[PDB]
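In what follows, a single structure is set out as structure tokens and then discussed.
Here the Cβ positions follow ideal geometry from the backbone for every residue, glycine too, while neighbour counts run over all protein chains shown. Values in this text are rule-based calculations from the coordinates and carry no lab data.
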Amino acid sequence: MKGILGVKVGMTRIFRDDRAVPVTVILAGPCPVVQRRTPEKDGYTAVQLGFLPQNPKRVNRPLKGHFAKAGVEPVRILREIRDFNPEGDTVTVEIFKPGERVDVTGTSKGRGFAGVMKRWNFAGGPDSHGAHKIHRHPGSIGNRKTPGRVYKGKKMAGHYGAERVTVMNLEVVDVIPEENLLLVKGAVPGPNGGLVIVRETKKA
Amino acid sequence: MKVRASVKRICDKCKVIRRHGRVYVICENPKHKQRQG
Amino acid sequence: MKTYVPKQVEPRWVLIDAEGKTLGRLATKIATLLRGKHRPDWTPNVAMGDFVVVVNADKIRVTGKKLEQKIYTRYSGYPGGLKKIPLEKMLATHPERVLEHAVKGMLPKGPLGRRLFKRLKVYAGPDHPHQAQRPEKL
Amino acid sequence: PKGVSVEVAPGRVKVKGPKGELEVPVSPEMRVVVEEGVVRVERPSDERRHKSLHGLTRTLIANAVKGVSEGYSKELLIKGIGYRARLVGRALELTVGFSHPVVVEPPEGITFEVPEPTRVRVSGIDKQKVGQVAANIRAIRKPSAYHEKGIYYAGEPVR
RNA sequence: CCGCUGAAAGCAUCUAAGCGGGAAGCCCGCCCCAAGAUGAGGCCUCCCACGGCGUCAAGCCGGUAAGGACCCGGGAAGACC
RNA sequence: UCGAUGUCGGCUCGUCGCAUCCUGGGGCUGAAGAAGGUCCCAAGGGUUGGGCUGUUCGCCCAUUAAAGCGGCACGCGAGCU
Ligand SMILES: [Mg+2]
Ligand SMILES: [Mg+2]
Ligand SMILES: [Mg+2]
Ligand SMILES: [Mg+2]
Ligand SMILES: [Mg+2]
Ligand SMILES: [Mg+2]
Ligand SMILES: [Mg+2]
Ligand SMILES: [Mg+2]
Ligand SMILES: [Mg+2]
Ligand SMILES: [Mg+2]
Ligand SMILES: [Mg+2]
Ligand SMILES: [Mg+2]
Ligand SMILES: [Mg+2]
Ligand SMILES: [Mg+2]
Ligand SMILES: [Mg+2]
Ligand SMILES: [Mg+2]
Ligand SMILES: [Mg+2]
Ligand SMILES: [Mg+2]
Ligand SMILES: [Mg+2]
Ligand SMILES: [Zn+2]
């Protein structure tokens, strides 16, 4: 089910002759499969994929050359595609054809302790008319004695970003398998250099 | 009316059937469709 | 004052084929089996007695109408949800648990009650991939 | 019922004959019997938990054996302007007032026989599914919407 | 809320045996966390003596590897960690 | 409770109930159609921006599909005014 591993390398608007489609450029490289997780020993029908093979003997005990083109394991480390089943080897980009939607799943740009008014879009407080030390505070976080506690799903200050996020239905606008690229329309999550898995669509 | 608390039989033809606890009334004219809810 | 106590006797790995029995009516046999309320060695602070393995789950028949009546609310998630599960859903997905939730109320509440619940190994049966050892007490 | 070939199991009476096999369950009570086609069905127990099941199965076995001896024809009339019901294959396409004219599939045992674009009938070895898939076709358009639209079995138009 | 079949009550009735439709509602589907899920999972890979002190690979240490740290250069990771 | 339970409103954050203001279903209709009325299910999501008043509430203005009624110490001052 149409999965790949890649690097978000930047954004560029390109032109489908009428408009400016604002694509990003995923470097969905030729990912060698390293273990086909079978449903009779795991239950997954998944496939572990790889990335860049130049790992100068940082390949410790997952040496694991039990695939015929294992391509000694990347420190651009293994991930999965959960319902994949390839047919040959080292799945490149040709699985994707231009015009099909994809879900891109990547670690977003973490913003540290990006506290609230940034994490949960709070309206902060007034910048004038009165006191001052509440300009970006959440204000109230509950009710009085009944419940007399903060509800556990409460939106407050926290570690914003650096969690996996999936943008669903990004149109693949082009592939350039001359250098094995993948171009989707829109905002692939993560830094320009970060890791993104690119999956099949959950439209249907 | 439709949903009362006290359901009468205002016709002669109003059967007073009971479908899963609720004492309905069916008829041939639909205005008598009581429900007892 | 005299001395009465049991010692660590080798356990009783009773199987309970539960094809027919209503839960609850079964489960208070199971909890009375789980504590040592049937052997006369019973100190109440040792969790002796049986390691009951009730198997052959769903088609645990239940009483008169509990098709979407018996509500397994238990999981307060935590802000807005008391999430409700009827018995049809309970027997549909991981059936396996209507007996666990039936005995987890008839066992006591302390750490011995929690240790005693780990003795009960509910499966969806038969072929509990567990056993060669079955004083199948029925 | 001469051409039927009925058999008994505990949880199921099972009827057969000139059309096919129907497999009608029952409550296993009274250890009921059979001597010929239509049966004296048994109950000695006067309480209402059995006094209605007797009578229920008296009509149910009769409907089953009549379904094997052609308990078929439930007729759907189509009224008004030409909401034509025409068969293609076995799923029938009726063009009642819609942007999407409705193709209705049969359940396995039923065929919709279409005499005209004014009437269809629904035939099959049953009364249960037969009335059910006359009922889905009537629920394509419940009729009496300020009259003469919609489809009818034999019902009574009043204003 | 409308059914189909149909008794109790020879008729009917959506109902007591049954079975169907049907709601932004419910469960699963979608996205994220998630084995601290003591129920602590699974899969792939790597490493494996006893020499020593008894009612014995001894519960305690000393050398072990596979690895992990310490440190340092850092980082769209990050208050520190 | 007076050896203190800070008190109205607004801001901020909400969360819940259903006796629903929309939205989804449906029944009747003095329901031609479009509307609507009333009633049954239905909180999953909503539920605007303003003028005046300290105001909750109201009156309006311009919209809206709707501009819900409440509760939560007339929620919320170890958050603010
Ligand atoms: Mg960062
Ligand atoms: Mg501000
Ligand atoms: Mg201050
Ligand atoms: Mg000051
Ligand atoms: Mg033991
Ligand atoms: Mg054993
Ligand atoms: Mg009839
Ligand atoms: Mg159904
Ligand atoms: Mg869920
Ligand atoms: Mg673990
Ligand atoms: Mg006081
Ligand atoms: Mg005090
Ligand atoms: Mg009209
Ligand atoms: Mg209501
Ligand atoms: Mg609400
Ligand atoms: Mg409120
Ligand atoms: Mg207050
Ligand atoms: Mg203050
Ligand atoms: Mg306070
Ligand atoms: Zn009447």
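Taking a ≥ b ≥ c as the square roots of the eigenvalues of the Cα gyration tensor of the protein assembly as shown, is the shape rounded (a/c under 1.5), prolate (a/b larger than b/c) or oblate?
oblate
As an exercise, identify the trypsin sites (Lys or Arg not before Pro) in region C:100-138 lying in DSSP coil whose Cβ has no more than 10 other Cβ atoms within 10 Å.
Those that pass, being in a loop and sparsely packed, are C:109, C:118.
Mind listing the long-range amide H neighbours of residue C:48? Cut-off is under 5 Å, sequence gap 5 or more, other chains count too, H placed in the peptide plane at 1.01 Å from N.
Amide H neighbours of residue C:48, under 5 Å, 5+ apart: C:36.
Using Cβ counts within 10 Å as a stand-in for footprinting exposure, how do D:144, C:76, D:123 rank, fewest first?
C:76, D:144, D:123
Normalising by the residue count of region C:27-138, find the relative contact order in percent from Cα pairs under 8 Å and 6+ residues apart.
33
When every alpha-carbon pair in region C:25-138 is counted, what percent end up more than 19 Å apart?
When every Cα pair of region C:25-138 is considered, 52 percent fall beyond 19 Å.
Show me A:33-41, A:146-154, D:63-71, D:132-140 ranked by packing, highest mean number of other Cβ atoms within 10 Å first.
Ranking the peptides A:33-41, A:146-154, D:63-71, D:132-140 by packing returns D:63-71, D:132-140, A:33-41, A:146-154.
Taking 7 Å along the Cα-to-C-beta vector as the label spot, tell me the residue C:121-residue D:91 distance in nanometres, rounded to one decimal.
For the pair residue C:121/residue D:91, the computed spacing is 5.0 nm.
What is the mean number of Cβ atoms from other protein chains located within 10 Å of the Cβ atom of each residue in peptide C:71-78, rounded to a whole number?
Per residue, the number of nearby Cβ atoms from other chains is 1 on average.
From the phi angles alone, apply the Karplus equation (6.51, -1.76, 1.60; θ = phi - 60°) to region A:179-187 and give each ³J(HN,Hα) in whole Hz, x where the residue is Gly or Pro.
Values, residue by residue: 10, 6, 9, 8, 10, 10, 7, x, 9 Hz.
Regarding region D:77-117, what are the three Cα extents along the principal axes, ordered largest first, in Å?
So the extents along the principal axes, rounded to whole Å, are 31, 22, 13.
Tell me, what ³J(HN,Hα) does each residue in region C:18-35 have, in order and in whole Hz, if you take phi through Karplus 6.51 cos²θ - 1.76 cosθ + 1.60 with θ = phi - 60° and put x for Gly and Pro?
Listing the rounded values in order: 10, 5, x, 6, 5, 5, x, 4, 6, 6, 7, 6, 5, 6, 5, 7, 6, 5 Hz.
With a cut-off of 8 Å between alpha carbons and a minimum separation of six or more residues, what is the relative contact order of region A:1-117 in percent?
25
How large is the convex hull of the C-alpha atoms of region D:20-120 per residue, in Å³?
155
Name the residues whose placed amide hydrogens come within less than 5 Å of the amide hydrogen of residue D:86, ignoring near sequence neighbours (fewer than 5 apart) on the same chain.
D:93, D:94, D:95
For region C:1-85, take every pair of Cα atoms, bin their distances at 10 Å starting from 0, and report each bin as a whole percent.
P(r) for region C:1-85, in whole percents per bin: 15, 30, 26, 20, 7, 1.
Relative to the longest principal axis of chain D, what angle (0 to 90°, nearest 10) does the C-alpha long axis of helix D:128-140 take?
So the helix axis and the longest Cα principal axis differ by about 20 degrees.
Please list 3J(HN,Hα) in residue order for region A:71-88, calculated via the Karplus relation 6.51 cos²θ - 1.76 cosθ + 1.60 where θ = phi - 60°; whole Hz, with x for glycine and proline.
x, 2, 2, x, 6, 6, 5, 5, 10, 10, 10, 6, 10, 7, 7, x, 10, x
May I have the pair-distance distribution P(r) for region D:86-159, computed from all Cα-Cα distances with 10 Å bins from 0 and rounded to whole percent?
For region D:86-159, the pair-distance distribution reads 19, 52, 26, 3.
If I take every Cα pair under 8 Å that is 6 or more residues apart in chain D, average their sequence separation and divide by the length, what percent do I get for the relative contact order?
Once divided by the residue count of chain D, the mean separation gives 19 percent.
What list do you get for D:153, D:146 if you sort them by fewest beta carbons within 10 Å?
D:146, D:153
Quick one: which residues, 5+ away or cross-chain, put their amide H under 5 Å from the amide H of residue A:10? H built at 1.01 Å from N.
The answer is A:25.
Can you give the FRET efficiency to the nearest 0.05 for residue D:33 and residue C:72, using r as the Cβ-Cβ distance and R₀ = 60 Å?
Efficiency, from the Cβ-Cβ distance: 0.85.
Given a Förster distance of 60 angstrom, what is the FRET efficiency for residue D:103 paired with residue C:41, based on the Cβ-Cβ distance and rounded to 0.05?
That pair, residue D:103 with residue C:41, gives E of 0.25.
Grab the alpha carbons of region A:1-143, take their convex hull, and tell me the volume per residue in Å³.
Roughly 255 Å³ of hull volume per residue.
Could you give the dipole magnitude of the protein assembly as shown about its Cα centre, charging the beta-carbon of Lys and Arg +1 and that of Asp and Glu -1, in debye to the nearest 20?
In debye, rounded to 20, the protein assembly as shown gives about 3380.
Taking the number of other C-beta atoms within 10 Å as the exposure measure, put C:1, C:48 in order starting with the fewest.
Ascending Cβ contact count within 10 Å gives the list C:1, C:48.
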